[PDB]
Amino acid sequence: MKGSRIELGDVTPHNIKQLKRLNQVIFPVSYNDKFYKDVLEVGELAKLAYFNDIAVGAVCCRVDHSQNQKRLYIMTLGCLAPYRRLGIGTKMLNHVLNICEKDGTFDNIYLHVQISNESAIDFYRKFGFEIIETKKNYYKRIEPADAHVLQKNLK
């Protein structure tokens, strides 16, 4: 908690441009003017991550009522390669776990991953997420097209 070089910040119209710029380098799929418009309204659920006051990461979430459940869906969460394995991703995930924990009303949290994403599985599994489904050809135009669905229970 103390002496850490990593801080999260609110996303705002003033810095959204840079969120967009980070999601483009980190993630293989491109997001539309709707995704970003939407994040400006989700509050604590969209955060930029800084390492020594430099924006190197970001996470974007959404609330989901699917399957007759109250669900936290993680849409993006990542950080530029050179800054990985410094605990930045942990900062972003925990932040989100905390929101859920205080709110008390979530059944579970979840997200999709290209099955080739070995590091994201090591990462999310550390936190207690399990692979609960494997959808075939989930993504449209990237390779590979298959995706695991990851999920941690809260209730």
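All residue numbers are counted from 1 along the displayed sequence.
Novice: If you take the mean CA temperature factor per stretch, which one wins between 109 to 117 and 29 to 37?
Specialist: If you average the C-alpha B-factors of 29 to 37 and of 109 to 117, the larger mean comes out for 29 to 37.
Novice: For the C-alpha atoms alone, is the average B factor greater in 135 to 143 or in 20 to 28, going by the entry?
Specialist: Averaging CA B-factors over each stretch, the winner is 135 to 143.
Novice: Looking at the C-alpha B-factor values in the deposited entry, which of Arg62, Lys47, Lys102, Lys126 comes out highest?
Specialist: Of the candidates given, the C-alpha B-factor peaks at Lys102.
Novice: Please place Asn52 in the lowest, middle or highest third of its chain by C-alpha B factor as given in the entry.
Specialist: It falls in the middle third of the chain.
Novice: Which third, lowest, middle or highest, does the CA B-factor of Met1 fall in along this chain?
Specialist: For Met1, the deposited C-alpha B-factor lands in the highest third.
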